[PDB]
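Read through the structure below, which is laid out as structure tokens, and then see the notes.
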Amino acid sequence: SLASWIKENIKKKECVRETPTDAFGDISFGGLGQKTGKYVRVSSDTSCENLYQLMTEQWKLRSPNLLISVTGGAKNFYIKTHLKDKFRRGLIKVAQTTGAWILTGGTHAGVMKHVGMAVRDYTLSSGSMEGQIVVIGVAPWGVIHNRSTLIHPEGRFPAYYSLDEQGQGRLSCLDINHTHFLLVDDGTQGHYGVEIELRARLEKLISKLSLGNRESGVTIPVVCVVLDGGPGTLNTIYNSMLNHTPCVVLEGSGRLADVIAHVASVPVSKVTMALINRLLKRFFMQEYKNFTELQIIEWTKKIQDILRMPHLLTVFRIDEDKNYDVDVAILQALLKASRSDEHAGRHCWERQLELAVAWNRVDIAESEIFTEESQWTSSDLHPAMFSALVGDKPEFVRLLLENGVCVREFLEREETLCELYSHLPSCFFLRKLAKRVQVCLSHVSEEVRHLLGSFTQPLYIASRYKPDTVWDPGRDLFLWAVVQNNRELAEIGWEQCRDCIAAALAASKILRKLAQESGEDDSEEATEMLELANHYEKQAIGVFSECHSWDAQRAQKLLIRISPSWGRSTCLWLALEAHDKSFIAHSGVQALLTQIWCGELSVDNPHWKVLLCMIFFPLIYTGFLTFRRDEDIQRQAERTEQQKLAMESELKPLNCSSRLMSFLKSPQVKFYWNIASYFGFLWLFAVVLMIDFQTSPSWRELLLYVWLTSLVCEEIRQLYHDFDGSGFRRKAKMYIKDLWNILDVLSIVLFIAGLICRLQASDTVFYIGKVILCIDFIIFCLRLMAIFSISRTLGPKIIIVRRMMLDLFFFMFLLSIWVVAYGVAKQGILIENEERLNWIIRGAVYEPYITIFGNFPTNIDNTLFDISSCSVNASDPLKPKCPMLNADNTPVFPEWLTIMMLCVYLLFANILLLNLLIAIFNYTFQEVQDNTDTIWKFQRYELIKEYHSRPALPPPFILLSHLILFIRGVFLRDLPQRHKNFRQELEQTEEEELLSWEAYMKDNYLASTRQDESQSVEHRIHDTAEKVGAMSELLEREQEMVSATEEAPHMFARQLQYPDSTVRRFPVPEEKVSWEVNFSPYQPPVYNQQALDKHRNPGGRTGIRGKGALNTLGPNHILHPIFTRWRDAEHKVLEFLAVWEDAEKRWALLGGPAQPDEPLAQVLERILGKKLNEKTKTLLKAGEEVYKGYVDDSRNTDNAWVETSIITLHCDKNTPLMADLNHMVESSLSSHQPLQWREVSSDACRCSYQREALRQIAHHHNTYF
Amino acid sequence: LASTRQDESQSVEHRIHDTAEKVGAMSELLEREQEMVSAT
């Protein structure tokens, strides 16, 4: 697909004229079939945007994070084989982990061969799972030796290529372990240095690639490392340090590296042509002998030039100590370069972090930026927190949260949360949110409400995120972490939540709904979401079981309460709805359900006593079963007595009359009265059906009618008064789902059908109407067995019978085939064609089907003539046709054949079929035993809630209580205590103390599992292996350790390039800088811009002769008056009306050119734009004389130079001459568009002349204290 | 193939065999190191 673009956009060069390019395809090497490097060509100049697009969007290479540049050498060199291993290891450690791009001249010659051995020696050890080591390479297209192996205008995409390097010469080869190839063409096949400008321009361009991607405009870091190099190698390093963007790191091994590493110990003024000559002589010792002496002056001067900047240079120092690998050294030297730059301020630390964020690496950054000395503030880490959340890097978020970011300060405003929802990676939740937007927070909340359930209330409300819908910061971060299926963020989020158990179960329900809805992305939803949901289930069980061991009487209140965070739903309902079989089987919740179902009367009282108390009502008032109220009163009195006895050496009182009326409301009582009424219904229906039936209705049948309709009315009122009552058909969909409801649904219909037929009052219909009602009595008897499913003993018995129902029909079919076959054979053999179809079916299907169940001696009922009659076609009165006879009273067919056939038939029928049918059930029964315990507990809740919402009276009188409930309902007042022991709303202080208690219990739990995980064997072996692996390497290194036994010259006027021209100044060392010494070959070129022996430069030699951009020779003066005053009225800080130029954006001084013999008032009016010089006229006698003398600058020559006189006029606290000057302070001079009294300081990181003047100004003011 | 090589070097029955070999190398070497100091 790329071939359409790559043959339409990219040109080439030939003959210089241009043409559309060629040579495109992916080079694959014959050795290891694990590489496939792409090859593309390009011209000397190619569109920069197209180059970056081809590098970024085309070849699927991800975004660049760090650009590192290995350069130098190109021929060969040898490392003493100790530094090379550290070098190869570190240069891959850094690139691998920071998604870096490393570039090199890609040709198997010298330095790139070492990079290739690095990539090859690592690429087997990692396995290349993800994040490949992107290594980009630059090589000219003419100088490849075996060029014909891929040249084609339509390309050759799976091209094979073999290595050859015997054809060396002007031609060169191509390397082995790279991954990406860019090829440049200059048109001349016999050219080597055609790739320099494209490299330098591309790197300097690309440095600005990371702009507009994030919150702040900080440019990407670029580094150039050179191990060994020729003469040209220094020039790229100088052009880089002049570009002032990269750091440059050097090592010990190389020749030119040893040159710079030796000069880096000596001072910059101590560098001399003779001293550098004496140093370089004992460095190469081939080229030191073969030195070109017409350029060595430039060499000495250039090294003296590049050692002037002492903070963009770092060196390895011959592996001193063990400063780890080279990975950090580069990474720290990048930051050390990064601090001293154009920005002065808070921004150094501010900019500095964001680099640590963008790299996945945390250790270096953490140590440097989080030193003990430094102070912080929880406001100033917010942008780094935000970028660390969106980029989904967990450990860095944990580090920022441990060190002083409070979650409560971070989500103070709604806008931050709105923006944080705008960066989800793609998931099923994101697709559903995209469907809903066809982002304000309400669109989130509607989708969350649909996920969680229709019953709960909406979480967020628009423009009320400040303090229903109360604000906790915790659930917002936890929910945002949960819905994108990210484990390492969610495990941090759960430790932040105020309340815990409700949150964990809510996340469980969200994930199981999101899994059972999606179903298309099979791997993700099938594995990750279900594993995560079971994990948060396990966390919830652990926290609750830790709370239950401490003191259970607050644990139940924790289990009941309404949680206002999650939408005023309780906690038990969430676990109940989400099909969490494991949480609901925990012992404390079962004890809660037993204590509820057990009613007012206290638990642990045996059923025999309970039923006998139901038999005689006053035995309760006498006291035969214990009660909760008196047991608690006795226990409280016993606890009080125990406390009094330990010192020595609230609870309601009990009612007397309402004892009984409180007894008659517990569900254990109503279940027994309802089952008594159910036997009563069976009795009444039998006695009406068998005895009391008539053509006219009796009073018994009317009692039957009303009692049936009372059952129907109580079922309907227990529909609409349940929880989740708002809305329609949800409880209907809940109810119709299962098998046992079908029976009631059939029976209530068929009963009414029977009543219609019964009242229809016809001759023949009345019979069928009695028939249907006699059928329905079977169903009304059949649904009692489901009522006897409640008990634990009979609970799992019925499900095993329910499970194996299906196989019996297919088995019966298989047997019926065999019996029909036997019957048709038997009747066909010894009987002629019979015209009677009823006799055919009765002797063909029935008689064999009746044969198989009789006893085998009884079954042989075989003689010729007992009851069959056949002289006639078919004696009608129940006589089958006779068997056909040969002799008189003799079967032509032998009777023993019938015997033998019947023996084989019943032998196959009995032992071979039904024992298989039996054998199915025993194996299944043995197999099904393990998983039963839970489902029964879930059904145990499914029962209990019904009877707690049923009127107390038995079902014969449930009509009157239903009428009383409706008459209460039409009263228009509704404040029910319906489920007043399920939904509980707490007071304020009880809730606060309770949540703090359970948070303390959670913080106990997590420490418990961390101490119990680090005691297992399967962890501790993995620890000992790592410690042995560290101790082994170290010993080798230890063995190896034993095995090894001011600013006097001007520095701005000696720029090797003159400013704003093409001429080059003469190279001037530091020793021969002054006029005292004499240089013998000293011959500077004379180039005035656009009598040169009139004056001499007082600083020294400059290598520049003439008047270089100056109106006169010699001293050029410029006075710099400083208009200063106080910042505040309290004299806390100082300030000066400095300029800030629109071209340079720098806080520069306000001083123009002072001419020789210039009046200060007129020059002040020119430099300040005095529309009112009376304020300066009263202030002509202010202070002056800060500094005066020679100023180093790039413009200085041997004839002209620049001198200056610094003046500082600081007024009083009021500064009465500053109002008129501040009113006329505008964009007057048209270069400084802002111009105000910026606050002064002791800043030595300012303009070079002004830094010393401000340092003297602070030395004047603040040294008094 | 990379998946099974990374999942084979995480089992216990391999990693014990690795630690035994590294302990056996570190023991011999210490004796030789003692001898090196032992020669003055």
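Ordered as shown in the structure tokens, chains take letters A, B, and onward, while each chain numbers its residues from 1 and ligands are numbered from 1 in the order shown.
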
*Compute the set of chain A residues within 8 Å of chain B, using only C-alpha atoms, and express it as a list in words.*
residues 127, 129, 1018, 1021, 1022, 1025, 1028, 1029, 1032 and 1039 of chain A

Grab the residues selected above and save them as a short mmCIF file (atom, residue, chain, number, x, y, z; two decimals), in the first residue's frame with C-alpha atoms.
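Result file is result37.cif:
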data_model
loop_
_atom_site.label_atom_id
_atom_site.label_comp_id
_atom_site.auth_asym_id
_atom_site.auth_seq_id
_atom_site.Cartn_x
_atom_site.Cartn_y
_atom_site.Cartn_z
CA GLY A 127 13.14 -12.50 22.77
CA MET A 129 8.30 -9.50 22.59
CA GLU A 1018 7.43 -20.26 45.88
CA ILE A 1021 13.13 -19.40 46.20
CA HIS A 1022 12.70 -16.55 43.71
CA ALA A 1025 17.94 -16.87 43.21
CA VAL A 1028 22.71 -15.33 44.40
CA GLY A 1029 22.73 -13.77 40.95
CA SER A 1032 27.99 -13.80 41.79
CA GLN A 1039 38.41 -9.82 41.89
#

*asked:* Please list as a ChimeraX atom specification every residue within 12 Å of residue 960 of chain A, counting only C-alpha atoms and excluding residues in the same chain fewer than 3 positions away.
replied: /A:706-707,710,713-714,951-957,963-967

*Determine, counting only C-alpha atoms, which protein, DNA and RNA residues have an atom within 12 Å of an atom of segment 4-21 of chain A; residues of the same chain fewer than 3 positions away are not included. Present the result as number ranges by chain.*
A: 1, 24-25, 39-51, 53-54, 58-59, 141-142, 151-155, 183-189

Write the selection just made, keeping C-alpha atoms, as a PDB file, in the first residue's frame?
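Generated file (result_37.pdb):
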ATOM      1  CA  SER A   1       0.000   0.000   0.000  1.00  0.00           C
ATOM      2  CA  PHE A  24      12.110   0.316  -2.349  1.00  0.00           C
ATOM      3  CA  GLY A  25      11.489  -2.828  -0.346  1.00  0.00           C
ATOM      4  CA  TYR A  39      15.016   0.074   2.728  1.00  0.00           C
ATOM      5  CA  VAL A  40      14.158   3.433   1.185  1.00  0.00           C
ATOM      6  CA  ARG A  41      16.144   5.996  -0.771  1.00  0.00           C
ATOM      7  CA  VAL A  42      16.191   9.740  -0.772  1.00  0.00           C
ATOM      8  CA  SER A  43      17.837  12.730  -2.351  1.00  0.00           C
ATOM      9  CA  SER A  44      20.181  15.346  -1.011  1.00  0.00           C
ATOM     10  CA  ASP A  45      17.215  17.508  -0.083  1.00  0.00           C
ATOM     11  CA  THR A  46      13.760  16.133   0.736  1.00  0.00           C
ATOM     12  CA  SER A  47      10.644  17.764   2.229  1.00  0.00           C
ATOM     13  CA  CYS A  48      11.088  17.746   5.991  1.00  0.00           C
ATOM     14  CA  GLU A  49       7.423  17.035   6.741  1.00  0.00           C
ATOM     15  CA  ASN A  50       7.458  14.150   4.275  1.00  0.00           C
ATOM     16  CA  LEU A  51      10.616  12.817   5.927  1.00  0.00           C
ATOM     17  CA  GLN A  53       5.816  11.434   8.037  1.00  0.00           C
ATOM     18  CA  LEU A  54       7.689   8.567   6.392  1.00  0.00           C
ATOM     19  CA  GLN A  58       4.323   5.244   7.418  1.00  0.00           C
ATOM     20  CA  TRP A  59       6.510   2.514   8.865  1.00  0.00           C
ATOM     21  CA  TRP A 141      23.220   4.556  -2.103  1.00  0.00           C
ATOM     22  CA  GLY A 142      26.178   4.649  -4.493  1.00  0.00           C
ATOM     23  CA  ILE A 151      17.787  -2.203  -7.393  1.00  0.00           C
ATOM     24  CA  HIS A 152      14.381  -2.094  -9.113  1.00  0.00           C
ATOM     25  CA  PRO A 153      11.882   0.683  -9.937  1.00  0.00           C
ATOM     26  CA  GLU A 154       8.948  -1.507  -8.872  1.00  0.00           C
ATOM     27  CA  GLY A 155      11.009  -2.995  -6.039  1.00  0.00           C
ATOM     28  CA  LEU A 183      19.680   6.101   1.908  1.00  0.00           C
ATOM     29  CA  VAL A 184      20.927   9.390   0.510  1.00  0.00           C
ATOM     30  CA  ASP A 185      21.971  10.095  -3.072  1.00  0.00           C
ATOM     31  CA  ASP A 186      24.180  12.939  -4.249  1.00  0.00           C
ATOM     32  CA  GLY A 187      24.661  11.658  -7.819  1.00  0.00           C
ATOM     33  CA  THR A 188      28.386  10.857  -7.491  1.00  0.00           C
ATOM     34  CA  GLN A 189      28.940   7.163  -6.797  1.00  0.00           C
TER      35      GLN A 189
END

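One finds atom CA of residue 388 of chain A at 12.9 Å from atom CA of residue 488 of chain A.
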
Excluding residue 588 of chain A and its own-chain neighbours fewer than 6 positions away, which residues fall within 12 Å of it when counting only C-alpha atoms? Please give them as a PDB file with N, CA, C and O atoms, in the first residue's frame.
ATOM      1  N   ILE A 541     -14.549 -10.355  50.503  1.00  0.00           N
ATOM      2  CA  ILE A 541     -14.693 -11.417  51.502  1.00  0.00           C
ATOM      3  C   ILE A 541     -13.627 -11.300  52.573  1.00  0.00           C
ATOM      4  O   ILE A 541     -13.920 -11.430  53.767  1.00  0.00           O
ATOM      5  N   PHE A 544     -14.389  -8.414  54.974  1.00  0.00           N
ATOM      6  CA  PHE A 544     -15.523  -8.668  55.853  1.00  0.00           C
ATOM      7  C   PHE A 544     -15.204  -9.727  56.894  1.00  0.00           C
ATOM      8  O   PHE A 544     -15.633  -9.611  58.044  1.00  0.00           O
ATOM      9  N   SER A 545     -14.450 -10.756  56.523  1.00  0.00           N
ATOM     10  CA  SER A 545     -14.093 -11.772  57.502  1.00  0.00           C
ATOM     11  C   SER A 545     -13.107 -11.247  58.513  1.00  0.00           C
ATOM     12  O   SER A 545     -13.048 -11.765  59.628  1.00  0.00           O
ATOM     13  N   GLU A 546     -12.338 -10.231  58.155  1.00  0.00           N
ATOM     14  CA  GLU A 546     -11.508  -9.624  59.175  1.00  0.00           C
ATOM     15  C   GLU A 546     -12.340  -8.769  60.113  1.00  0.00           C
ATOM     16  O   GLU A 546     -12.064  -8.720  61.314  1.00  0.00           O
ATOM     17  N   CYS A 547     -13.377  -8.110  59.599  1.00  0.00           N
ATOM     18  CA  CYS A 547     -14.238  -7.344  60.495  1.00  0.00           C
ATOM     19  C   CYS A 547     -15.092  -8.237  61.378  1.00  0.00           C
ATOM     20  O   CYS A 547     -15.485  -7.824  62.470  1.00  0.00           O
ATOM     21  N   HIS A 548     -15.407  -9.446  60.928  1.00  0.00           N
ATOM     22  CA  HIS A 548     -16.333 -10.276  61.687  1.00  0.00           C
ATOM     23  C   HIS A 548     -15.668 -10.915  62.890  1.00  0.00           C
ATOM     24  O   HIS A 548     -16.341 -11.226  63.876  1.00  0.00           O
ATOM     25  N   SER A 549     -14.358 -11.112  62.836  1.00  0.00           N
ATOM     26  CA  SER A 549     -13.667 -11.700  63.970  1.00  0.00           C
ATOM     27  C   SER A 549     -13.555 -10.751  65.141  1.00  0.00           C
ATOM     28  O   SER A 549     -13.355 -11.203  66.268  1.00  0.00           O
ATOM     29  N   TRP A 550     -13.676  -9.451  64.915  1.00  0.00           N
ATOM     30  CA  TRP A 550     -13.390  -8.512  65.992  1.00  0.00           C
ATOM     31  C   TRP A 550     -14.578  -8.384  66.936  1.00  0.00           C
ATOM     32  O   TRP A 550     -14.489  -8.744  68.111  1.00  0.00           O
ATOM     33  N   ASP A 551     -15.706  -7.883  66.433  1.00  0.00           N
ATOM     34  CA  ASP A 551     -16.892  -7.674  67.265  1.00  0.00           C
ATOM     35  C   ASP A 551     -18.107  -7.646  66.346  1.00  0.00           C
ATOM     36  O   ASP A 551     -18.358  -6.632  65.697  1.00  0.00           O
ATOM     37  N   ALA A 552     -18.870  -8.741  66.328  1.00  0.00           N
ATOM     38  CA  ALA A 552     -19.874  -8.958  65.290  1.00  0.00           C
ATOM     39  C   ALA A 552     -21.048  -7.992  65.359  1.00  0.00           C
ATOM     40  O   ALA A 552     -21.692  -7.728  64.326  1.00  0.00           O
ATOM     41  N   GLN A 553     -21.326  -7.436  66.536  1.00  0.00           N
ATOM     42  CA  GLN A 553     -22.523  -6.631  66.696  1.00  0.00           C
ATOM     43  C   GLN A 553     -22.421  -5.279  66.018  1.00  0.00           C
ATOM     44  O   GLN A 553     -23.451  -4.646  65.784  1.00  0.00           O
ATOM     45  N   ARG A 554     -21.221  -4.821  65.686  1.00  0.00           N
ATOM     46  CA  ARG A 554     -21.132  -3.704  64.767  1.00  0.00           C
ATOM     47  C   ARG A 554     -20.961  -4.166  63.333  1.00  0.00           C
ATOM     48  O   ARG A 554     -21.253  -3.396  62.409  1.00  0.00           O
ATOM     49  N   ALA A 555     -20.541  -5.415  63.137  1.00  0.00           N
ATOM     50  CA  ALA A 555     -20.336  -5.917  61.787  1.00  0.00           C
ATOM     51  C   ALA A 555     -21.649  -6.038  61.041  1.00  0.00           C
ATOM     52  O   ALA A 555     -21.711  -5.756  59.838  1.00  0.00           O
ATOM     53  N   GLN A 556     -22.718  -6.418  61.739  1.00  0.00           N
ATOM     54  CA  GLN A 556     -23.996  -6.482  61.038  1.00  0.00           C
ATOM     55  C   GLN A 556     -24.488  -5.104  60.615  1.00  0.00           C
ATOM     56  O   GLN A 556     -25.018  -4.956  59.506  1.00  0.00           O
ATOM     57  N   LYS A 557     -24.270  -4.085  61.445  1.00  0.00           N
ATOM     58  CA  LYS A 557     -24.653  -2.731  61.068  1.00  0.00           C
ATOM     59  C   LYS A 557     -23.835  -2.235  59.897  1.00  0.00           C
ATOM     60  O   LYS A 557     -24.338  -1.467  59.074  1.00  0.00           O
ATOM     61  N   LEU A 558     -22.581  -2.666  59.812  1.00  0.00           N
ATOM     62  CA  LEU A 558     -21.787  -2.374  58.625  1.00  0.00           C
ATOM     63  C   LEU A 558     -22.378  -3.047  57.399  1.00  0.00           C
ATOM     64  O   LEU A 558     -22.349  -2.492  56.297  1.00  0.00           O
ATOM     65  N   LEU A 559     -22.945  -4.228  57.585  1.00  0.00           N
ATOM     66  CA  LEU A 559     -23.500  -4.967  56.466  1.00  0.00           C
ATOM     67  C   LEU A 559     -24.857  -4.440  56.025  1.00  0.00           C
ATOM     68  O   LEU A 559     -25.245  -4.666  54.882  1.00  0.00           O
ATOM     69  N   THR A 594     -30.313 -15.943  59.429  1.00  0.00           N
ATOM     70  CA  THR A 594     -30.995 -16.790  60.396  1.00  0.00           C
ATOM     71  C   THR A 594     -31.592 -15.957  61.516  1.00  0.00           C
ATOM     72  O   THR A 594     -32.716 -16.213  61.954  1.00  0.00           O
ATOM     73  N   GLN A 595     -30.874 -14.929  61.957  1.00  0.00           N
ATOM     74  CA  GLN A 595     -31.398 -14.065  62.998  1.00  0.00           C
ATOM     75  C   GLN A 595     -32.579 -13.253  62.491  1.00  0.00           C
ATOM     76  O   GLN A 595     -33.449 -12.876  63.274  1.00  0.00           O
TER      77      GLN A 595
END

*Would you kindly return, as a PyMOL selection string, each protein, DNA or RNA residue with an atom no farther than 12 Å from any atom of residue 1003 of chain A, considering only C-alpha atoms and excluding same-chain residues fewer than 6 positions away?*
chain A and resi 494-500+542-543+546-547+996-997+1009-1010

_For atom CA of residue 299 of chain A and atom CA of residue 1070 of chain A, the interatomic separation in Å (one decimal)_ =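 Atom CA of residue 299 of chain A sits 12.8 Å away from atom CA of residue 1070 of chain A.
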
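Counting from atom CA of residue 531 of chain A, the distance to atom CA of residue 924 of chain A is 29.2 Å.
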
Hey, what's within 12 Å of segment 1255-1259 of chain A if we count only C-alpha atoms and toss same-chain stuff fewer than 2 positions away? As a compact mmCIF listing (two decimals) with N, CA, C and O atoms, in the first residue's frame, please?
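Everything below was put into out16.txt:
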# COMPACT_ATOMS: atom_id res chain seq x y z
N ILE A 1122 20.76 52.58 35.48
CA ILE A 1122 19.77 51.64 35.99
C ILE A 1122 18.78 52.42 36.85
O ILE A 1122 19.16 52.99 37.88
N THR A 1124 16.16 52.26 39.36
CA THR A 1124 15.72 51.30 40.36
C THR A 1124 14.88 51.98 41.43
O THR A 1124 14.99 53.18 41.68
N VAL A 1133 11.44 43.60 48.75
CA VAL A 1133 12.18 43.24 47.55
C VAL A 1133 12.49 44.52 46.78
O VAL A 1133 11.91 45.58 47.03
N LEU A 1134 13.43 44.42 45.84
CA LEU A 1134 13.86 45.53 45.01
C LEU A 1134 13.39 45.33 43.58
O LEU A 1134 12.97 44.24 43.18
N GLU A 1135 13.46 46.41 42.80
CA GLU A 1135 12.92 46.40 41.44
C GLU A 1135 13.62 47.46 40.60
O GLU A 1135 14.13 48.46 41.11
N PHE A 1136 13.64 47.22 39.29
CA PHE A 1136 14.24 48.16 38.35
C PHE A 1136 13.45 48.13 37.05
O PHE A 1136 13.01 47.07 36.61
N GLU A 1184 25.12 56.82 41.00
CA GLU A 1184 25.74 56.35 39.76
C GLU A 1184 26.97 55.54 40.12
O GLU A 1184 27.16 55.15 41.28
N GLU A 1185 27.81 55.28 39.11
CA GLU A 1185 29.12 54.63 39.23
C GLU A 1185 29.01 53.23 39.84
O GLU A 1185 29.50 52.97 40.94
N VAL A 1186 28.36 52.34 39.11
CA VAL A 1186 28.34 50.94 39.49
C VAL A 1186 29.61 50.23 39.02
O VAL A 1186 30.31 49.60 39.81
N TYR A 1187 29.93 50.35 37.73
CA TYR A 1187 31.14 49.78 37.17
C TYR A 1187 31.53 50.57 35.93
O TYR A 1187 30.72 51.30 35.36
N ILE A 1206 28.71 51.48 33.99
CA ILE A 1206 27.47 51.05 34.62
C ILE A 1206 27.05 52.09 35.65
O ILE A 1206 27.88 52.56 36.45
N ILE A 1207 25.77 52.46 35.64
CA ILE A 1207 25.21 53.44 36.55
C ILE A 1207 23.95 52.86 37.18
O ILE A 1207 23.14 52.23 36.49
N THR A 1208 23.77 53.09 38.48
CA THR A 1208 22.62 52.57 39.22
C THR A 1208 22.05 53.68 40.10
O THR A 1208 22.71 54.12 41.04
N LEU A 1209 20.83 54.11 39.79
CA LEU A 1209 20.14 55.16 40.54
C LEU A 1209 18.90 54.55 41.19
O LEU A 1209 17.84 54.49 40.57
N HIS A 1210 19.04 54.13 42.44
CA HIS A 1210 17.93 53.58 43.21
C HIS A 1210 17.31 54.70 44.03
O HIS A 1210 18.00 55.36 44.81
N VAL A 1240 14.07 42.99 41.01
CA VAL A 1240 15.49 42.70 40.92
C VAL A 1240 15.86 41.60 41.91
O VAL A 1240 15.08 41.28 42.82
N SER A 1241 17.04 41.02 41.73
CA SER A 1241 17.52 39.93 42.57
C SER A 1241 19.04 39.91 42.50
O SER A 1241 19.66 40.88 42.05
N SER A 1242 19.65 38.82 42.95
CA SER A 1242 21.09 38.61 42.85
C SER A 1242 21.43 37.67 41.70
O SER A 1242 22.36 36.86 41.80
N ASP A 1243 20.68 37.77 40.60
CA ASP A 1243 20.71 36.79 39.52
C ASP A 1243 22.01 36.89 38.73
O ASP A 1243 22.24 37.87 38.02
N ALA A 1244 22.85 35.86 38.85
CA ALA A 1244 24.03 35.72 38.01
C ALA A 1244 23.75 34.91 36.75
O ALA A 1244 24.67 34.66 35.97
N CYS A 1245 22.49 34.54 36.53
CA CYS A 1245 22.06 33.78 35.36
C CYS A 1245 21.31 34.70 34.39
O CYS A 1245 20.29 34.32 33.81
N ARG A 1246 21.82 35.91 34.23
CA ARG A 1246 21.25 36.97 33.42
C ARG A 1246 22.23 37.29 32.29
O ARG A 1246 23.12 36.49 31.98
N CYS A 1247 22.01 38.43 31.64
CA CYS A 1247 22.98 38.97 30.69
C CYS A 1247 24.34 39.17 31.37
O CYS A 1247 24.42 39.46 32.57
N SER A 1248 25.41 38.99 30.58
CA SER A 1248 26.75 38.78 31.13
C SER A 1248 27.28 40.04 31.82
O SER A 1248 27.87 39.95 32.90
N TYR A 1249 27.10 41.20 31.20
CA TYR A 1249 27.52 42.44 31.84
C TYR A 1249 26.60 42.81 33.00
O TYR A 1249 27.07 43.36 34.01
N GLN A 1250 25.31 42.51 32.89
CA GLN A 1250 24.35 42.89 33.91
C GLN A 1250 24.35 41.95 35.11
O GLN A 1250 23.89 42.35 36.18
N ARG A 1251 24.87 40.73 34.95
CA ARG A 1251 24.90 39.79 36.07
C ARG A 1251 25.88 40.26 37.15
O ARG A 1251 25.57 40.19 38.34
N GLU A 1252 27.04 40.79 36.74
CA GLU A 1252 27.99 41.32 37.70
C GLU A 1252 27.50 42.61 38.34
O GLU A 1252 27.74 42.84 39.53
N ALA A 1253 26.78 43.44 37.58
CA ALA A 1253 26.25 44.68 38.15
C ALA A 1253 25.13 44.40 39.14
O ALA A 1253 25.06 45.03 40.20
N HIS A 1261 23.41 46.10 48.92
CA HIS A 1261 22.20 46.18 49.74
C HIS A 1261 22.22 45.18 50.90
O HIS A 1261 22.09 45.56 52.07
N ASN A 1262 22.35 43.88 50.59
CA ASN A 1262 22.05 42.84 51.56
C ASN A 1262 23.23 42.44 52.45
O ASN A 1262 23.02 41.68 53.41
N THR A 1263 24.45 42.93 52.19
CA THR A 1263 25.58 42.55 53.03
C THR A 1263 25.56 43.23 54.39
O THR A 1263 26.32 42.82 55.28
N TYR A 1264 24.74 44.27 54.56
CA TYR A 1264 24.65 44.96 55.84
C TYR A 1264 24.03 44.08 56.92
O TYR A 1264 24.38 44.22 58.10
N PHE A 1265 23.13 43.18 56.54
CA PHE A 1265 22.51 42.28 57.50
C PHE A 1265 23.32 40.99 57.66
O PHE A 1265 24.35 40.97 58.33

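Contact shell of segment 852-862 of chain A at 10 Å (only C-alpha atoms; same-chain neighbours under 4 positions omitted): residues 819, 847, 848, 866, 895, 896, 898, 899, 902, 903, 905, 906, 909 and 910 of chain A.
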